[PDB]
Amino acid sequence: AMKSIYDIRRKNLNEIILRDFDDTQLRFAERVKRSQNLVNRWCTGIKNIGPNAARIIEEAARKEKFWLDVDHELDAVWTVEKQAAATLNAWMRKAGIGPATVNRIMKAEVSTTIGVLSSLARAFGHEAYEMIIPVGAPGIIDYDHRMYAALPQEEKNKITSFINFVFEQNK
């Protein structure tokens, strides 16, 4: 839906921390003198960035007044294997098992087979292609699969057809 100010504020808060403070909410928490949890709640969106924080943020972020309120949209412009376990490791974090097959820890500094990843992945319940890429830009995972799955096939074609058209009008 069309943006409320919290959207722009947070979006601007997010971009500041990336482009000025290295995309880590603690470094900005340190400069703004506020709890890194509150900072995290603003970035994640869990809490609406108030009017006063926005000014304190601008001070802390060395931005001129109300810059945070303004939408600046028109402002101008790694390894598979270790991530396979990094995903698996982050997925372990919820023993060394491995309940189905495996017994590869795994170090993940060696190339594993798609069958083993497929067998590993469904242990957690997730698919094997997840989470292969750190940037995530190549894909729309935003949409709920259930909502897309439920769409009549006729409505899918409209979605896919418009995508394909957008592709050709760019390059």
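Each residue number is its position in the shown sequence, starting from 1.
- Comparing the deposited coordinates for 49-57 and 107-115, the stretch with the larger average C-alpha B-factor is 107-115.
- The PDB entry reports B-factors from which the mean C-alpha value can be compared for 30-38 and 121-129; the larger average falls on 121-129.
- The PDB entry assigns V102 a C-alpha temperature factor belonging to the highest third of its chain's modelled residues.
- For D69, the recorded CA B-factor ranks within the lowest third of the chain. Only modelled residues enter the ranking.
- For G136, the recorded CA B-factor ranks within the highest third of the chain. Only modelled residues enter the ranking.
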